[PDB]
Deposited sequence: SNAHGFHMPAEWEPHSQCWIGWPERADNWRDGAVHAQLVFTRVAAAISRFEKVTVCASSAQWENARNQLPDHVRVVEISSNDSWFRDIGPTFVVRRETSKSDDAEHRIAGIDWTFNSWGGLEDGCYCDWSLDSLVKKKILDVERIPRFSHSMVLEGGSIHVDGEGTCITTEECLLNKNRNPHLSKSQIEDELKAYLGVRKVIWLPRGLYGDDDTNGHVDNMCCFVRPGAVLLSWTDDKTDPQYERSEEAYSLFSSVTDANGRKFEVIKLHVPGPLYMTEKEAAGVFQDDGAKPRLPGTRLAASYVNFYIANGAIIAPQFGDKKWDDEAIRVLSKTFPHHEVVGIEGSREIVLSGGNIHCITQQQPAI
């Protein structure tokens, strides 16, 4: 009787890593640390937070973060807890909470991943559940928490582009992958968007950059009105798909558009501050960033939302999110661009722990 609750359901805390690697984070992560800190501090106005930092970084993190934020020493290859963190499941009313330890392979493994070493990334789920004394359900299937979303009422959305990629689970068919999601997330229906966001070659189109539930029966969808942008056809396809399906309880989808910023491109400055290495992916100037306002975190009573420094769409997204979540305080995080330069945003760096 375990299932994954919706993100907007109450949490007891939020887990976040701490960026440090010089080959992914410009200027040895100094810029990224400031934003991580702003995100943690914002979330901690609404729910407890634990940031996890390496040995070498523990003091830095402790120094930057207010005291009501807990800092623990957990090493990682990189700081993306949405994907390397456990996925918590609950059984409400004698263990009422547990965590799923999905196999992690750096978003594509030796042939098509981001780093050739992920052995510390792989232990993060175990380590966290050990700190909390929460039971771990281990799974040999490759999965990242960024690649699924739920409504806590039986429905899951995901993308084919990610989950059906041969760099993940080449041994499993689509319908075998679906059976695992249903068994382990406690859902009875999976909606497969064909594609994620244009330009998300890091993760191969994680759904959490393209689409998310905001309540039972309604989703936000990354969108552009520019039919010359390669995003348009993906967004249109997903929109049609949502018109044709219903959720696990038979609701018609209310689709709410959320216009992407930019498009945004890495500068020569931004590329130049990243140390170059032959065990990481070479970040080049002119690369299109995979930027969507959809990559936000729902905290108890607040939406923690990206701002990329594109004023028109930064302001429009705050407006859409304020009306979409009328009972939440919406807090935009200036400097989110510093996270998208390295492959993700606010939702990618968080992992909620549901209250029981």
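- Counting from residue 1 of the deposited sequence, the stretches lacking C-alpha coordinates in this chain are 1-4, 98-104.
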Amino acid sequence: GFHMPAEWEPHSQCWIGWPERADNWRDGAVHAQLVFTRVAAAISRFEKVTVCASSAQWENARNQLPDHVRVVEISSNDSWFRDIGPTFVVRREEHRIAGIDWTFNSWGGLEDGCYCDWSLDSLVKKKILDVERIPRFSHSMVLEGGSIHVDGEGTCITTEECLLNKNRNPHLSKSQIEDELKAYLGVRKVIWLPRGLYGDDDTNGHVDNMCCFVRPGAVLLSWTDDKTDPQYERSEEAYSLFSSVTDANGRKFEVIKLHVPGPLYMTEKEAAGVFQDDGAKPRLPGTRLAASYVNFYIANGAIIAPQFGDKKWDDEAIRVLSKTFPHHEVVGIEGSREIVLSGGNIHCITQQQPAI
From here on, numbers count along this sequence of modelled residues.
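- Comparing 296-304 with 56-64, the stretch with the higher mean C-alpha B-factor in the PDB entry is 56-64.
- Comparing 79-87 with 281-289, the higher mean C-alpha B-factor in the PDB entry belongs to 281-289.
- Out of 227, 171, 195, 215, it is 171 whose C-alpha atom has the highest B-factor in the PDB entry.
- Per the deposited coordinates, the residue with the largest Cα temperature factor out of 95, 234, 257, 149 is 95.
- For residue 326, the recorded CA temperature factor ranks within the lowest third of the chain's modelled residues.
- When all modelled residues of the chain are sorted by CA temperature factor, residue 21 is found within the highest third.
- The deposited CA B-factor of residue 241 belongs to the lowest third of values across its chain.
- Remark: residue 221 belongs to the lowest third of its chain, ranked by C-alpha B-factor as recorded.
- Among all modelled residues in this chain, the alpha-carbon of residue 140 has a temperature factor (C-alpha) in the highest third.
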